>>> print(open('run.cif').read())   # mmCIF, C-alpha atoms and all ligand atoms
data_model
#
loop_
_atom_site.group_PDB
_atom_site.id
_atom_site.type_symbol
_atom_site.label_atom_id
_atom_site.label_comp_id
_atom_site.auth_asym_id
_atom_site.auth_seq_id
_atom_site.Cartn_x
_atom_site.Cartn_y
_atom_site.Cartn_z
ATOM 1 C CA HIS A 1 0.000 0.000 0.000
ATOM 2 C CA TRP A 2 1.466 3.554 0.572
ATOM 3 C CA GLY A 3 4.635 3.928 2.495
ATOM 4 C CA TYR A 4 8.082 5.457 2.403
ATOM 5 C CA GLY A 5 10.058 3.317 -0.069
ATOM 6 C CA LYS A 6 11.070 4.014 -3.706
ATOM 7 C CA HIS A 7 8.026 2.346 -5.023
ATOM 8 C CA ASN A 8 5.293 3.625 -2.706
ATOM 9 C CA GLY A 9 6.764 6.741 -1.091
ATOM 10 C CA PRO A 10 5.728 10.391 -1.091
ATOM 11 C CA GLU A 11 6.213 10.946 -4.803
ATOM 12 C CA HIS A 12 3.609 8.209 -5.484
ATOM 13 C CA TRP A 13 0.881 9.209 -2.939
ATOM 14 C CA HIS A 14 -0.886 11.545 -5.312
ATOM 15 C CA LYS A 15 -2.247 8.647 -7.467
ATOM 16 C CA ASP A 16 -4.378 7.389 -4.617
ATOM 17 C CA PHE A 17 -4.700 10.731 -2.773
ATOM 18 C CA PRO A 18 -4.927 13.561 -5.301
ATOM 19 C CA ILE A 19 -5.101 16.098 -2.432
ATOM 20 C CA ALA A 20 -1.334 15.424 -2.186
ATOM 21 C CA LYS A 21 -0.986 18.246 -4.767
ATOM 22 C CA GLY A 22 -3.463 20.459 -2.922
ATOM 23 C CA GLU A 23 -3.404 24.033 -1.793
ATOM 24 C CA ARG A 24 -2.504 23.508 1.867
ATOM 25 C CA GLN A 25 -0.224 20.441 2.228
ATOM 26 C CA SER A 26 2.226 19.735 5.029
ATOM 27 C CA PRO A 27 5.012 19.756 5.962
ATOM 28 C CA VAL A 28 6.630 22.980 4.744
ATOM 29 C CA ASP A 29 9.984 24.742 5.089
ATOM 30 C CA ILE A 30 9.725 27.483 7.654
ATOM 31 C CA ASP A 31 11.710 30.432 6.287
ATOM 32 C CA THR A 32 12.387 32.268 9.554
ATOM 33 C CA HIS A 33 13.217 35.561 7.892
ATOM 34 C CA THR A 34 9.865 35.672 6.016
ATOM 35 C CA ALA A 35 7.605 34.450 8.842
ATOM 36 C CA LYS A 36 5.813 37.440 10.299
ATOM 37 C CA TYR A 37 5.359 38.163 14.016
ATOM 38 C CA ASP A 38 1.587 38.302 14.779
ATOM 39 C CA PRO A 39 0.555 40.299 17.881
ATOM 40 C CA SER A 40 -2.985 39.011 17.396
ATOM 41 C CA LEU A 41 -1.761 35.532 18.599
ATOM 42 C CA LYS A 42 -2.882 34.762 22.182
ATOM 43 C CA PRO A 43 -0.438 32.693 24.335
ATOM 44 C CA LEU A 44 -0.569 28.848 23.877
ATOM 45 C CA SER A 45 -2.162 26.808 26.637
ATOM 46 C CA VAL A 46 -0.887 23.214 26.982
ATOM 47 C CA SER A 47 -2.951 21.539 29.734
ATOM 48 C CA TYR A 48 -1.688 18.004 30.082
ATOM 49 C CA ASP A 49 -1.916 17.634 33.924
ATOM 50 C CA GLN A 50 -4.782 15.106 33.652
ATOM 51 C CA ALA A 51 -3.505 13.284 30.564
ATOM 52 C CA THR A 52 -4.364 9.598 30.548
ATOM 53 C CA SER A 53 -2.122 7.491 28.282
ATOM 54 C CA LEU A 54 -3.325 3.989 27.412
ATOM 55 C CA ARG A 55 -1.341 2.093 24.816
ATOM 56 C CA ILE A 56 1.536 2.220 22.425
ATOM 57 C CA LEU A 57 1.116 0.849 18.915
ATOM 58 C CA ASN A 58 3.401 0.143 15.942
ATOM 59 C CA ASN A 59 1.086 0.833 12.972
ATOM 60 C CA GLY A 60 3.609 0.077 10.265
ATOM 61 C CA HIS A 61 4.371 3.779 9.544
ATOM 62 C CA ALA A 62 5.361 5.046 13.015
ATOM 63 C CA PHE A 63 4.512 4.263 16.683
ATOM 64 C CA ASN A 64 1.602 5.938 18.420
ATOM 65 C CA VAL A 65 1.130 6.551 22.126
ATOM 66 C CA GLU A 66 -2.602 6.830 22.459
ATOM 67 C CA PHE A 67 -4.553 8.785 25.120
ATOM 68 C CA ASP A 68 -8.074 8.599 26.584
ATOM 69 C CA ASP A 69 -9.857 11.419 24.748
ATOM 70 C CA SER A 70 -13.410 10.479 25.982
ATOM 71 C CA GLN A 71 -13.283 13.639 28.143
ATOM 72 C CA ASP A 72 -11.220 16.854 28.233
ATOM 73 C CA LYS A 73 -8.232 15.389 30.205
ATOM 74 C CA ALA A 74 -5.339 16.713 28.070
ATOM 75 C CA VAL A 75 -6.087 19.714 25.841
ATOM 76 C CA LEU A 76 -4.527 22.402 23.730
ATOM 77 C CA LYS A 77 -6.026 25.892 23.634
ATOM 78 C CA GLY A 78 -5.062 29.462 22.866
ATOM 79 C CA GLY A 79 -2.417 30.547 20.364
ATOM 80 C CA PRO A 80 -4.110 30.628 16.923
ATOM 81 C CA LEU A 81 -6.877 28.264 18.061
ATOM 82 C CA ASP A 82 -10.458 28.899 18.998
ATOM 83 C CA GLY A 83 -12.024 26.318 21.207
ATOM 84 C CA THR A 84 -10.604 23.236 22.825
ATOM 85 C CA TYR A 85 -8.591 20.559 21.181
ATOM 86 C CA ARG A 86 -8.235 17.190 22.814
ATOM 87 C CA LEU A 87 -5.004 15.145 22.767
ATOM 88 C CA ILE A 88 -5.620 11.799 21.028
ATOM 89 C CA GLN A 89 -2.073 10.513 20.323
ATOM 90 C CA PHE A 90 1.555 11.448 19.772
ATOM 91 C CA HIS A 91 4.075 9.937 17.410
ATOM 92 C CA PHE A 92 7.359 10.743 15.750
ATOM 93 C CA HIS A 93 9.060 10.881 12.382
ATOM 94 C CA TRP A 94 12.776 10.117 12.124
ATOM 95 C CA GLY A 95 15.736 9.441 9.938
ATOM 96 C CA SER A 96 18.270 6.719 9.153
ATOM 97 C CA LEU A 97 20.979 9.293 10.060
ATOM 98 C CA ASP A 98 21.065 12.277 12.424
ATOM 99 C CA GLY A 99 21.044 14.833 9.512
ATOM 100 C CA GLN A 100 17.525 13.989 8.456
ATOM 101 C CA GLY A 101 14.226 12.915 9.878
ATOM 102 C CA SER A 102 12.041 15.917 10.462
ATOM 103 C CA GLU A 103 9.125 16.756 8.242
ATOM 104 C CA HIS A 104 9.146 20.496 8.772
ATOM 105 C CA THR A 105 12.433 22.227 8.049
ATOM 106 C CA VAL A 106 13.796 25.507 9.375
ATOM 107 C CA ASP A 107 15.575 27.610 6.724
ATOM 108 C CA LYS A 108 16.053 24.287 4.973
ATOM 109 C CA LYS A 109 17.613 22.661 8.073
ATOM 110 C CA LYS A 110 16.469 19.088 8.736
ATOM 111 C CA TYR A 111 16.387 17.809 12.348
ATOM 112 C CA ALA A 112 16.934 14.230 13.428
ATOM 113 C CA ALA A 113 13.311 13.705 14.220
ATOM 114 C CA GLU A 114 10.002 15.445 14.819
ATOM 115 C CA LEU A 115 7.354 14.818 17.478
ATOM 116 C CA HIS A 116 3.693 15.327 16.659
ATOM 117 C CA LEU A 117 1.103 15.747 19.461
ATOM 118 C CA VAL A 118 -2.145 15.327 17.625
ATOM 119 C CA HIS A 119 -5.352 17.042 18.973
ATOM 120 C CA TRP A 120 -8.969 17.299 17.651
ATOM 121 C CA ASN A 121 -11.513 20.142 17.952
ATOM 122 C CA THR A 122 -14.159 18.993 20.483
ATOM 123 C CA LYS A 123 -16.900 20.918 18.810
ATOM 124 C CA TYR A 124 -16.914 18.260 16.052
ATOM 125 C CA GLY A 125 -17.565 15.472 18.579
ATOM 126 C CA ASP A 126 -15.176 12.772 17.294
ATOM 127 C CA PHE A 127 -11.872 12.528 15.391
ATOM 128 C CA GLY A 128 -13.353 11.135 12.199
ATOM 129 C CA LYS A 129 -15.676 14.150 11.961
ATOM 130 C CA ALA A 130 -12.985 16.665 12.890
ATOM 131 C CA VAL A 131 -10.752 15.518 9.948
ATOM 132 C CA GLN A 132 -13.449 16.609 7.466
ATOM 133 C CA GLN A 133 -13.179 20.205 8.743
ATOM 134 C CA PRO A 134 -10.701 22.940 7.834
ATOM 135 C CA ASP A 135 -10.148 23.587 11.576
ATOM 136 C CA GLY A 136 -10.581 20.111 12.844
ATOM 137 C CA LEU A 137 -7.094 19.232 14.148
ATOM 138 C CA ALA A 138 -4.207 21.033 15.837
ATOM 139 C CA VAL A 139 -0.834 19.282 15.717
ATOM 140 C CA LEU A 140 1.940 20.527 18.010
ATOM 141 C CA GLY A 141 5.207 19.830 16.340
ATOM 142 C CA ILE A 142 8.544 19.653 18.170
ATOM 143 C CA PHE A 143 11.959 19.125 16.607
ATOM 144 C CA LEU A 144 14.493 16.717 18.083
ATOM 145 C CA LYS A 145 18.258 17.176 17.802
ATOM 146 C CA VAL A 146 20.887 14.727 18.991
ATOM 147 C CA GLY A 147 22.820 15.677 22.092
ATOM 148 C CA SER A 148 22.000 15.053 25.747
ATOM 149 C CA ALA A 149 19.358 12.505 26.627
ATOM 150 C CA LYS A 150 15.728 13.565 27.209
ATOM 151 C CA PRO A 151 14.738 11.939 30.494
ATOM 152 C CA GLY A 152 11.087 12.168 29.708
ATOM 153 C CA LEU A 153 11.478 10.154 26.510
ATOM 154 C CA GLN A 154 13.218 7.145 28.085
ATOM 155 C CA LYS A 155 10.033 5.308 29.101
ATOM 156 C CA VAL A 156 8.976 5.378 25.451
ATOM 157 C CA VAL A 157 12.399 4.160 24.234
ATOM 158 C CA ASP A 158 12.289 1.296 26.709
ATOM 159 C CA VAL A 159 9.022 -0.188 25.523
ATOM 160 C CA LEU A 160 9.942 -0.205 21.795
ATOM 161 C CA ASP A 161 11.414 -3.654 21.853
ATOM 162 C CA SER A 162 7.954 -4.944 22.839
ATOM 163 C CA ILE A 163 6.342 -3.418 19.668
ATOM 164 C CA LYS A 164 9.070 -4.182 17.135
ATOM 165 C CA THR A 165 6.772 -5.043 14.277
ATOM 166 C CA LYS A 166 3.628 -3.774 12.556
ATOM 167 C CA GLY A 167 0.433 -4.360 14.482
ATOM 168 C CA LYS A 168 2.094 -4.954 17.856
ATOM 169 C CA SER A 169 0.879 -2.973 20.859
ATOM 170 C CA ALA A 170 1.675 -2.741 24.565
ATOM 171 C CA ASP A 171 0.103 -1.247 27.659
ATOM 172 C CA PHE A 172 1.420 2.273 28.168
ATOM 173 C CA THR A 173 -0.358 3.804 31.081
ATOM 174 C CA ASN A 174 0.700 6.668 33.364
ATOM 175 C CA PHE A 175 3.006 8.360 30.894
ATOM 176 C CA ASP A 176 3.381 12.129 31.194
ATOM 177 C CA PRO A 177 3.684 13.938 27.852
ATOM 178 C CA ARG A 178 4.794 17.196 29.636
ATOM 179 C CA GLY A 179 8.195 15.478 29.787
ATOM 180 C CA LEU A 180 8.622 15.827 26.041
ATOM 181 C CA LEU A 181 8.274 19.655 25.904
ATOM 182 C CA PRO A 182 11.097 22.207 25.615
ATOM 183 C CA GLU A 183 11.193 25.140 28.108
ATOM 184 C CA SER A 184 9.883 27.717 25.642
ATOM 185 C CA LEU A 185 6.512 27.603 23.911
ATOM 186 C CA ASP A 186 7.497 30.150 21.206
ATOM 187 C CA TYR A 187 6.010 28.859 17.905
ATOM 188 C CA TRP A 188 5.307 29.232 14.212
ATOM 189 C CA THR A 189 1.786 28.614 12.881
ATOM 190 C CA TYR A 190 0.200 27.919 9.543
ATOM 191 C CA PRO A 191 -2.750 26.022 8.055
ATOM 192 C CA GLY A 192 -1.923 22.656 6.555
ATOM 193 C CA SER A 193 -2.621 18.975 6.407
ATOM 194 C CA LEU A 194 -2.003 15.480 7.694
ATOM 195 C CA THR A 195 1.511 14.572 6.458
ATOM 196 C CA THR A 196 0.446 10.975 5.725
ATOM 197 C CA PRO A 197 -2.367 9.631 3.619
ATOM 198 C CA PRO A 198 -5.252 10.569 3.500
ATOM 199 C CA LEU A 199 -3.466 13.959 3.587
ATOM 200 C CA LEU A 200 -6.612 15.790 4.686
ATOM 201 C CA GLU A 201 -6.362 19.577 4.827
ATOM 202 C CA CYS A 202 -7.723 19.814 8.384
ATOM 203 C CA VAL A 203 -4.712 20.823 10.521
ATOM 204 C CA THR A 204 -3.653 23.980 12.327
ATOM 205 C CA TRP A 205 0.072 23.378 12.619
ATOM 206 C CA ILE A 206 1.808 24.824 15.711
ATOM 207 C CA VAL A 207 5.560 24.203 15.452
ATOM 208 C CA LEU A 208 7.753 25.064 18.466
ATOM 209 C CA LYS A 209 10.932 27.065 17.787
ATOM 210 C CA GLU A 210 12.989 25.390 20.488
ATOM 211 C CA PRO A 211 13.985 21.761 19.784
ATOM 212 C CA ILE A 212 14.364 19.101 22.443
ATOM 213 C CA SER A 213 17.655 17.203 22.746
ATOM 214 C CA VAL A 214 17.709 13.444 22.700
ATOM 215 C CA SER A 215 20.691 11.117 22.919
ATOM 216 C CA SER A 216 22.208 9.161 20.044
ATOM 217 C CA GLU A 217 21.297 5.980 22.054
ATOM 218 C CA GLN A 218 17.602 7.076 22.254
ATOM 219 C CA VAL A 219 17.275 7.809 18.461
ATOM 220 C CA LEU A 220 19.116 4.585 17.656
ATOM 221 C CA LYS A 221 16.422 2.557 19.400
ATOM 222 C CA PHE A 222 13.709 4.262 17.206
ATOM 223 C CA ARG A 223 15.725 3.015 14.228
ATOM 224 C CA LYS A 224 15.501 -0.673 15.358
ATOM 225 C CA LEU A 225 11.797 -0.669 14.805
ATOM 226 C CA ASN A 226 10.301 -2.492 11.795
ATOM 227 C CA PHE A 227 7.853 -1.375 9.059
ATOM 228 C CA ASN A 228 7.079 -5.081 8.494
ATOM 229 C CA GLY A 229 4.924 -7.516 10.434
ATOM 230 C CA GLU A 230 6.308 -10.303 12.606
ATOM 231 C CA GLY A 231 7.859 -13.165 10.621
ATOM 232 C CA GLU A 232 8.291 -11.026 7.452
ATOM 233 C CA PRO A 233 11.595 -9.902 5.957
ATOM 234 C CA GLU A 234 13.053 -7.138 8.108
ATOM 235 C CA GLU A 235 12.655 -3.588 6.838
ATOM 236 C CA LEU A 236 13.991 -1.064 9.370
ATOM 237 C CA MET A 237 11.534 1.709 10.335
ATOM 238 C CA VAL A 238 13.627 4.712 9.296
ATOM 239 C CA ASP A 239 13.058 7.758 7.083
ATOM 240 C CA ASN A 240 9.335 7.792 7.700
ATOM 241 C CA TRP A 241 9.042 11.506 6.883
ATOM 242 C CA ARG A 242 7.444 13.434 4.101
ATOM 243 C CA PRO A 243 9.501 16.213 2.571
ATOM 244 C CA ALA A 244 8.576 19.842 2.490
ATOM 245 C CA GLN A 245 5.710 20.731 0.217
ATOM 246 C CA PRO A 246 4.917 23.918 -1.691
ATOM 247 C CA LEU A 247 3.858 26.842 0.585
ATOM 248 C CA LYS A 248 1.495 28.200 -2.103
ATOM 249 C CA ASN A 249 -0.873 30.915 -0.885
ATOM 250 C CA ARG A 250 0.055 30.747 2.852
ATOM 251 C CA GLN A 251 1.919 32.936 5.328
ATOM 252 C CA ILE A 252 3.635 31.387 8.322
ATOM 253 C CA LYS A 253 3.083 33.427 11.490
ATOM 254 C CA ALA A 254 5.409 33.671 14.500
ATOM 255 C CA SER A 255 4.325 34.092 18.105
ATOM 256 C CA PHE A 256 7.644 35.793 18.936
ATOM 257 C CA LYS A 257 10.126 38.403 17.537
HETATM 258 N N1 LIG A 301 -10.143 7.885 16.167
HETATM 259 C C1 LIG A 301 -9.316 7.671 15.378
HETATM 260 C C2 LIG A 301 -8.413 7.462 14.475
HETATM 261 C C3 LIG A 301 -8.553 6.386 13.583
HETATM 262 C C4 LIG A 301 -7.604 6.228 12.587
HETATM 263 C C5 LIG A 301 -6.514 7.131 12.480
HETATM 264 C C6 LIG A 301 -6.358 8.236 13.349
HETATM 265 N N2 LIG A 301 -5.346 9.131 13.256
HETATM 266 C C7 LIG A 301 -4.671 9.397 12.107
HETATM 267 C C8 LIG A 301 -3.812 10.360 12.582
HETATM 268 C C9 LIG A 301 -2.754 11.088 11.811
HETATM 269 C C10 LIG A 301 -2.276 10.844 10.541
HETATM 270 C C11 LIG A 301 -1.244 11.764 10.200
HETATM 271 C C12 LIG A 301 -0.824 12.580 11.234
HETATM 272 S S1 LIG A 301 0.348 13.851 11.236
HETATM 273 N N3 LIG A 301 1.719 13.173 10.822
HETATM 274 O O1 LIG A 301 0.454 14.402 12.598
HETATM 275 O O2 LIG A 301 0.038 14.915 10.308
HETATM 276 S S2 LIG A 301 -1.866 12.346 12.581
HETATM 277 N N4 LIG A 301 -3.910 10.622 13.931
HETATM 278 N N5 LIG A 301 -4.910 9.816 14.416
HETATM 279 C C13 LIG A 301 -7.339 8.372 14.347
HETATM 280 ZN ZN ZN A 302 3.167 13.004 12.145
#
>>> encode(input="run.cif", output="structure tokens")
Amino acid sequence: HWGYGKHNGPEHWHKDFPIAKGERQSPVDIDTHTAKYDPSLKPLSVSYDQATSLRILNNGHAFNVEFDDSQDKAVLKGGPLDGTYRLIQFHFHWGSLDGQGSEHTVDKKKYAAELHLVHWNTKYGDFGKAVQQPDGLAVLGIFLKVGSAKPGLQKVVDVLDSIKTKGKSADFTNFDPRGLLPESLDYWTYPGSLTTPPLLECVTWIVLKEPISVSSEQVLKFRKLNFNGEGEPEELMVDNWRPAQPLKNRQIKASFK
């Protein structure tokens, strides 16, 4: 089906998902000199104190840590958003080498990986409805660079060997996503899309300026994951990122100067 290889990767997605060539696709390069500071932007509110994680899943494209979103336990508000967006899952995109991996780029710089905290607009009632709306999702994007270890990531790294292959899951309760955030919440924002099929144009992207540092040992363990199912030939889960797409008729706004 779709994936990230030569024969089914991003340059092929458009044949099944014509919106791949649409007017508001993600990711994009963030040109920091042309992004405009917007005083209209209220401060971001990340309220993850009551977050309830449940499970971690290898879905054959990435791994997802899933949250209980049956009530407003972990939400994103403020910044460019109106209303309340509920955390449903986070996941990452990463490279085969430390010079690549992120989806968004900053003045053409690629980071080693990129974290996506995925939230849906509660006025649409459920995720599947929210994705059919231009303001249905808000994804908080955070770059990772390789340096010192991120203590708050290590519980995730340590469960990966239990979900090596596609379709494997493990219990993942009592995980605190506040441990993945950098100190600053300064951000860029723009309207865009899911960066995987079905590439729906339903996302308010909020990308943090400050990356988090992770260790080489941490990132290496992401790279031991498998795209394949158990008992199939091993294909390492690496380079599961989509490259930057045309900005078209969009302006990236900055919360800071
Ligand atoms: N409920 C539900 C449900 C069922 C199937 C899939 C999903 N679901 C899909 C996604 C996403 C696909 C791409 C992204 S991305 N890389 O953040 O733009 S998030 N996030 N949750 C959610
Ligand atoms: Zn993603």
>>> closest_residue(input="run.cif", among="A:54, A:200, A:41, A:180", to="ligand LIG 301 (chain A)", atoms="all atoms listed in the file")
A:200
>>> resolve_selection(input="run.cif", expression="the PyMOL selection byres (((not hetatm)) within 12 of (chain A and resi 302))", output="PyMOL selection string")
chain A and resi 26-27+61-64+89-94+101-104+113-119+138-143+193-197+199+203+205+207+240-243
>>> write_last_selection(input="run.cif", atoms="C-alpha atoms", output="PDB file, keeping the file's coordinate frame")
ATOM      1  CA  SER A  26       2.226  19.735   5.029  1.00  0.00           C
ATOM      2  CA  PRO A  27       5.012  19.756   5.962  1.00  0.00           C
ATOM      3  CA  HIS A  61       4.371   3.779   9.544  1.00  0.00           C
ATOM      4  CA  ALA A  62       5.361   5.046  13.015  1.00  0.00           C
ATOM      5  CA  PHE A  63       4.512   4.263  16.683  1.00  0.00           C
ATOM      6  CA  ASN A  64       1.602   5.938  18.420  1.00  0.00           C
ATOM      7  CA  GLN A  89      -2.073  10.513  20.323  1.00  0.00           C
ATOM      8  CA  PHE A  90       1.555  11.448  19.772  1.00  0.00           C
ATOM      9  CA  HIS A  91       4.075   9.937  17.410  1.00  0.00           C
ATOM     10  CA  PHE A  92       7.359  10.743  15.750  1.00  0.00           C
ATOM     11  CA  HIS A  93       9.060  10.881  12.382  1.00  0.00           C
ATOM     12  CA  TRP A  94      12.776  10.117  12.124  1.00  0.00           C
ATOM     13  CA  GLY A 101      14.226  12.915   9.878  1.00  0.00           C
ATOM     14  CA  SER A 102      12.041  15.917  10.462  1.00  0.00           C
ATOM     15  CA  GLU A 103       9.125  16.756   8.242  1.00  0.00           C
ATOM     16  CA  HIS A 104       9.146  20.496   8.772  1.00  0.00           C
ATOM     17  CA  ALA A 113      13.311  13.705  14.220  1.00  0.00           C
ATOM     18  CA  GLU A 114      10.002  15.445  14.819  1.00  0.00           C
ATOM     19  CA  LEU A 115       7.354  14.818  17.478  1.00  0.00           C
ATOM     20  CA  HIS A 116       3.693  15.327  16.659  1.00  0.00           C
ATOM     21  CA  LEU A 117       1.103  15.747  19.461  1.00  0.00           C
ATOM     22  CA  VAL A 118      -2.145  15.327  17.625  1.00  0.00           C
ATOM     23  CA  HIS A 119      -5.352  17.042  18.973  1.00  0.00           C
ATOM     24  CA  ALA A 138      -4.207  21.033  15.837  1.00  0.00           C
ATOM     25  CA  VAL A 139      -0.834  19.282  15.717  1.00  0.00           C
ATOM     26  CA  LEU A 140       1.940  20.527  18.010  1.00  0.00           C
ATOM     27  CA  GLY A 141       5.207  19.830  16.340  1.00  0.00           C
ATOM     28  CA  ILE A 142       8.544  19.653  18.170  1.00  0.00           C
ATOM     29  CA  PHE A 143      11.959  19.125  16.607  1.00  0.00           C
ATOM     30  CA  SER A 193      -2.621  18.975   6.407  1.00  0.00           C
ATOM     31  CA  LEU A 194      -2.003  15.480   7.694  1.00  0.00           C
ATOM     32  CA  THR A 195       1.511  14.572   6.458  1.00  0.00           C
ATOM     33  CA  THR A 196       0.446  10.975   5.725  1.00  0.00           C
ATOM     34  CA  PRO A 197      -2.367   9.631   3.619  1.00  0.00           C
ATOM     35  CA  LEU A 199      -3.466  13.959   3.587  1.00  0.00           C
ATOM     36  CA  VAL A 203      -4.712  20.823  10.521  1.00  0.00           C
ATOM     37  CA  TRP A 205       0.072  23.378  12.619  1.00  0.00           C
ATOM     38  CA  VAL A 207       5.560  24.203  15.452  1.00  0.00           C
ATOM     39  CA  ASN A 240       9.335   7.792   7.700  1.00  0.00           C
ATOM     40  CA  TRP A 241       9.042  11.506   6.883  1.00  0.00           C
ATOM     41  CA  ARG A 242       7.444  13.434   4.101  1.00  0.00           C
ATOM     42  CA  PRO A 243       9.501  16.213   2.571  1.00  0.00           C
TER      43      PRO A 243
END
>>> atom_distance(input="run.cif", atom1="atom CA of residue 252 of chain A", atom2="atom CA of residue 131 of chain A")
21.5 Å
>>> resolve_selection(input="run.cif", expression="the PyMOL selection byres (((chain A and resi 145-156) around 8) and not hetatm)", output="PDB file with C-alpha atoms, in the coordinates of the input")
ATOM      1  CA  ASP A  98      21.065  12.277  12.424  1.00  0.00           C
ATOM      2  CA  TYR A 111      16.387  17.809  12.348  1.00  0.00           C
ATOM      3  CA  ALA A 112      16.934  14.230  13.428  1.00  0.00           C
ATOM      4  CA  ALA A 113      13.311  13.705  14.220  1.00  0.00           C
ATOM      5  CA  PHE A 143      11.959  19.125  16.607  1.00  0.00           C
ATOM      6  CA  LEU A 144      14.493  16.717  18.083  1.00  0.00           C
ATOM      7  CA  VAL A 157      12.399   4.160  24.234  1.00  0.00           C
ATOM      8  CA  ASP A 158      12.289   1.296  26.709  1.00  0.00           C
ATOM      9  CA  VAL A 159       9.022  -0.188  25.523  1.00  0.00           C
ATOM     10  CA  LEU A 160       9.942  -0.205  21.795  1.00  0.00           C
ATOM     11  CA  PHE A 175       3.006   8.360  30.894  1.00  0.00           C
ATOM     12  CA  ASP A 176       3.381  12.129  31.194  1.00  0.00           C
ATOM     13  CA  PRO A 177       3.684  13.938  27.852  1.00  0.00           C
ATOM     14  CA  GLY A 179       8.195  15.478  29.787  1.00  0.00           C
ATOM     15  CA  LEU A 180       8.622  15.827  26.041  1.00  0.00           C
ATOM     16  CA  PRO A 211      13.985  21.761  19.784  1.00  0.00           C
ATOM     17  CA  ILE A 212      14.364  19.101  22.443  1.00  0.00           C
ATOM     18  CA  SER A 213      17.655  17.203  22.746  1.00  0.00           C
ATOM     19  CA  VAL A 214      17.709  13.444  22.700  1.00  0.00           C
ATOM     20  CA  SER A 215      20.691  11.117  22.919  1.00  0.00           C
ATOM     21  CA  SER A 216      22.208   9.161  20.044  1.00  0.00           C
ATOM     22  CA  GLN A 218      17.602   7.076  22.254  1.00  0.00           C
ATOM     23  CA  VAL A 219      17.275   7.809  18.461  1.00  0.00           C
TER      24      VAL A 219
END
>>> resolve_selection(input="run.cif", expression="the PyMOL selection byres (((chain A and resi 10-22) around 7) and not hetatm)", output="PyMOL selection string")
chain A and resi 2+4+8-9+23-25+197-199+242
>>> write_last_selection(input="run.cif", atoms="C-alpha atoms", output="mmCIF file, in the frame of the given file")
data_model
loop_
_atom_site.group_PDB
_atom_site.id
_atom_site.type_symbol
_atom_site.label_atom_id
_atom_site.label_comp_id
_atom_site.auth_asym_id
_atom_site.auth_seq_id
_atom_site.Cartn_x
_atom_site.Cartn_y
_atom_site.Cartn_z
ATOM 1 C CA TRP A 2 1.466 3.554 0.572
ATOM 2 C CA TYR A 4 8.082 5.457 2.403
ATOM 3 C CA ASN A 8 5.293 3.625 -2.706
ATOM 4 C CA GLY A 9 6.764 6.741 -1.091
ATOM 5 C CA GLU A 23 -3.404 24.033 -1.793
ATOM 6 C CA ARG A 24 -2.504 23.508 1.867
ATOM 7 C CA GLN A 25 -0.224 20.441 2.228
ATOM 8 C CA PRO A 197 -2.367 9.631 3.619
ATOM 9 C CA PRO A 198 -5.252 10.569 3.500
ATOM 10 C CA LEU A 199 -3.466 13.959 3.587
ATOM 11 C CA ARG A 242 7.444 13.434 4.101
#
>>> axis_aligned_box(input="run.cif", around="ligand LIG 301 (chain A)", padding_each_side="8 Å", output="lines of an AutoDock Vina configuration file")
center_x = -4.2
center_y = 10.6
center_z = 13.2
size_x = 27.9
size_y = 24.7
size_z = 22.0
>>> residues_around(input="run.cif", residues="residue 135 of chain A", least_positions_apart="2", cutoff="8 Å", atoms="only C-alpha atoms", output="ChimeraX atom specification")
/A:121,130,133,137-138,202-204
>>> atom_distance(input="run.cif", atom1="atom CA of residue 217 of chain A", atom2="atom CA of residue 178 of chain A")
21.3 Å
>>> atom_distance(input="run.cif", atom1="atom CA of residue 59 of chain A", atom2="atom CA of residue 165 of chain A")
8.3 Å
>>> closest_residue(input="run.cif", among="A:30, A:220, A:44, A:88", to="ligand LIG 301 (chain A)", atoms="all atoms listed in the file")
A:88
>>> closest_residue(input="run.cif", among="A:164, A:223, A:86, A:250", to="ligand LIG 301 (chain A)", atoms="only C-alpha atoms and all ligand atoms")
A:86
>>> closest_residue(input="run.cif", among="A:136, A:231, A:182, A:80", to="ligand LIG 301 (chain A)", atoms="only C-alpha atoms and all ligand atoms")
A:136
>>> decode(input="run.cif", residues="segment 245-252 of chain A", atoms="N, CA and C atoms", output="PDB file, in the first residue's frame")
ATOM      1  N   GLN A 245       6.636  20.546   1.272  1.00  0.00           N
ATOM      2  CA  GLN A 245       5.710  20.731   0.217  1.00  0.00           C
ATOM      3  C   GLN A 245       5.584  22.211  -0.136  1.00  0.00           C
ATOM      4  N   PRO A 246       5.012  22.517  -1.317  1.00  0.00           N
ATOM      5  CA  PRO A 246       4.917  23.918  -1.691  1.00  0.00           C
ATOM      6  C   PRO A 246       4.043  24.787  -0.744  1.00  0.00           C
ATOM      7  N   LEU A 247       4.578  25.964  -0.358  1.00  0.00           N
ATOM      8  CA  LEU A 247       3.858  26.842   0.585  1.00  0.00           C
ATOM      9  C   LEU A 247       2.582  27.406  -0.048  1.00  0.00           C
ATOM     10  N   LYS A 248       2.653  27.707  -1.345  1.00  0.00           N
ATOM     11  CA  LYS A 248       1.495  28.200  -2.103  1.00  0.00           C
ATOM     12  C   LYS A 248       0.979  29.477  -1.432  1.00  0.00           C
ATOM     13  N   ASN A 249      -0.307  29.654  -1.329  1.00  0.00           N
ATOM     14  CA  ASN A 249      -0.873  30.915  -0.885  1.00  0.00           C
ATOM     15  C   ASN A 249      -1.028  30.906   0.631  1.00  0.00           C
ATOM     16  N   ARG A 250       0.093  30.772   1.359  1.00  0.00           N
ATOM     17  CA  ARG A 250       0.055  30.747   2.852  1.00  0.00           C
ATOM     18  C   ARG A 250       1.183  31.560   3.428  1.00  0.00           C
ATOM     19  N   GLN A 251       0.928  32.179   4.579  1.00  0.00           N
ATOM     20  CA  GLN A 251       1.919  32.936   5.328  1.00  0.00           C
ATOM     21  C   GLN A 251       2.124  32.254   6.670  1.00  0.00           C
ATOM     22  N   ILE A 252       3.352  31.999   7.064  1.00  0.00           N
ATOM     23  CA  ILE A 252       3.635  31.387   8.322  1.00  0.00           C
ATOM     24  C   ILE A 252       3.742  32.543   9.298  1.00  0.00           C
TER      25      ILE A 252
END
